[PDB]
Protein chains: 2
Amino acid sequence: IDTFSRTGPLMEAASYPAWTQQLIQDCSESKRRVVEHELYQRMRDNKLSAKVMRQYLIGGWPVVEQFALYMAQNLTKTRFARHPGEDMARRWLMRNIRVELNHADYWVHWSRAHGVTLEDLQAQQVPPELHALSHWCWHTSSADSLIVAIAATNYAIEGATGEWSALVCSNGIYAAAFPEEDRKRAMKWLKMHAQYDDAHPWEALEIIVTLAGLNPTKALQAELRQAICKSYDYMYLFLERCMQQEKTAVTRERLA
Amino acid sequence: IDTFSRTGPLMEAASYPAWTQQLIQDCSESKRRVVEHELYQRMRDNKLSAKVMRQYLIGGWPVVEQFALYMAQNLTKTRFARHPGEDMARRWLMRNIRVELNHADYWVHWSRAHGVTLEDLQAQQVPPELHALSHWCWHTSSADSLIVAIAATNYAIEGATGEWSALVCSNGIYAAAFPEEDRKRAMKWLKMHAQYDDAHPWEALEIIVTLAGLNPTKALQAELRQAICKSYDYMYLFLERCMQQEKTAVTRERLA
Ligand SMILES: CCCCCCCCC[C@@H](O)CC(=O)O
Ligand SMILES: CCCCCCCCC[C@@H](O)CC(=O)O
Ligand SMILES: [O-][O-]
Ligand SMILES: [O-][O-]
Ligand SMILES: [Fe+3]
Ligand SMILES: [Fe+3]
């Protein structure tokens, strides 16, 4: 019947089939270059220029603002009792849409701590490299199967985001640099996403595996791999463009 | 600025503008003939034929199964901070999608207590009069503005459903007719919807009023009125067809 049911711990690759473990391996370099990106090492250390911090916060906003909408669009593809993976997806999406309730508000507060206003967020004056991620996310959510779109969003983006947010928070410098009275409100978005035991991406993976089963086609596996790597690669494109702006901003002041 | 902010209690028509009070009045007969329908008086009294009870449970299923999907489709139309009514709608829909988590399961349990299996539900062998409501709900959710689709679903259908479910539960006969060991599980869907102080439709109305403001166009008001009455009128069409089947079923046995 090719039916998957997890036996081992949620948050261990070994609890999933060989093909899923292969998928993780095949996407690992694409993931690594995002979650260990120089931009995040610099942000961790409070080094980023005002220009780049502003571009980061504005550029990230559409994905943040629309994240529960990707989930909604995926929920719209599901039907009750059509497949055990589909029931799992339905329930999870209905629970996790609520989880995001205040997250866009937190991003607005984070932004305001760097002088980025709601008007700035809404204006979206940033380079096109920074918007590609949002366009991909809407396209997959709109047009692809649930399994692929969930892989692109709740697995790839949320998983990477747990890790980069943890890296930003990892040594206390960034947080301690905010004045005490501003810090809790400024840091809230980061703190909500940086939490060592984030079951969310593993829960997403479990849904994907249940949908796909023990023996998915090579074609389906390639579709998943390409969607996951596309999400990472658009995060990488965003980060590379920000670092080009960083090097210019910092060099200008060094030479002045 | 035409901005609406409620001062009075949530669940009183007088807390809303004159146009909203007019809207309620204009839709009142359409509503009444559903919420006081003979079919529900009979169901209350455990009188309905097996044939009709089965048709009711199968026919209602698509709307039940898809209800959180209508909400999802409406959430997809919203954007952060574009309008105060839209922020209200976004937050409410994100909270209330979760509320429906188990409701389709409860309907399956209610159905099974009348010998209607999941297979029966999925097969959807009922007259077309019974499916019209589901087609309307998807069409408005897919194609209409948020305000109109919310009016059609969370206001009209959920409001009427609070009232008809309360009527079915109102004298204890229907519930007491189930064997004790089966009763809690059979009655759960009804009980969850029959609760005297159901703020859900009033919350929906508040969102609609906030979206529309103090002085909506006559055209927008007519769109709301026609959408709300269409939802009621499709419930009425469903109920009228069921009662035609009831009269035939009962008459056949009376004459036998
Ligand atoms: C370079 C990446 C910038 C985009 C990050 C988007 C993270 C989305 C996280 C998701 O949980 C929604 C949210 O809470 O903001
Ligand atoms: C004649 C009406 C039959 C359709 C009733 C649909 C009621 C939908 C209620 C909504 O809360 C979803 C649910 O919980 O089943
Ligand atoms: O996603 O938090
Ligand atoms: O809707 O409960
Ligand atoms: Fe989030
Ligand atoms: Fe419900």
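Looking at the method and resolution fields of the entry, one finds X-ray crystallography and 1.70 Å.

1. Here we look at the overall build of chain A
The secondary structure content of chain A amounts to 12 helices and 0 strands. Order of helices (α) and strands (β) in chain A, N terminus to C terminus: α-α-α-α-α-α-α-α-α-α-α-α. Projecting the C-alpha coordinates of chain A onto the three principal axes gives extents of approximately 70 × 30 × 30 Å. Scored against the burial criterion, the 256 residues of chain A give a buried share of 54%. Considering only residue pairs separated by 6 or more positions, chain A has 82% of its internal contacts joining residues 24 or more positions apart. Roughly 11,500 Å² of accessible area belongs to chain A as shown, and the carbon and sulfur atoms make up 50% of that amount. In chain A, 29 side chains carry a positive charge and 30 a negative one; their mean positions are 2 Å apart.

2. Thoughts on the site of ligand 2
Residues and elements named next belong to chain B. Inspection of the region around ligand 2 gives 13 residues, with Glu-100, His-103, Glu-158, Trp-189 and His-193 positioned closest. Residue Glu-158 places a side-chain N or O atom 2.5 Å away from an oxygen atom belonging to ligand 2. For ligand 2, an oxygen atom lies 2.9 Å from a polar atom in the side chain of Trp-189. Looking at the shell around ligand 2, the elements that each hand over two or more residues are α3 (50-75), α8 (146-168), α10 (180-193) and α12 (218-255). The dominant element in the shell around ligand 2, judged by the number of residues it contributes, is α3, at 4 residues.

So, how was this worked out
- Residues numbered from 1 in each chain as written, not as in the entry; some residues may be left out.
- Chains lettered and ligands numbered in written order.
- Heavy atoms only, no water.
- Helix = DSSP H or I, 4+ residues; strand = E, 2+ residues; numbered from the N terminus.
- Buried < 20%, exposed > 50% of the residue type's maximum accessible area, 1.4 Å probe, protein only.
- Contact = heavy atoms within 4.5 Å.
- Areas by Shrake-Rupley, 256 points an atom, 1.4 Å probe, with all protein chains shown as cover.
- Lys, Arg positive; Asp, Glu negative; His and termini not counted.
- Charge placed at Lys NZ, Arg CZ, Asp CG, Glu CD.
- Near = heavy atom within 4 Å.
- Polar contact = N/O pair within 3.5 Å; in protein donor to acceptor, adjacent residues only side chain to side chain.

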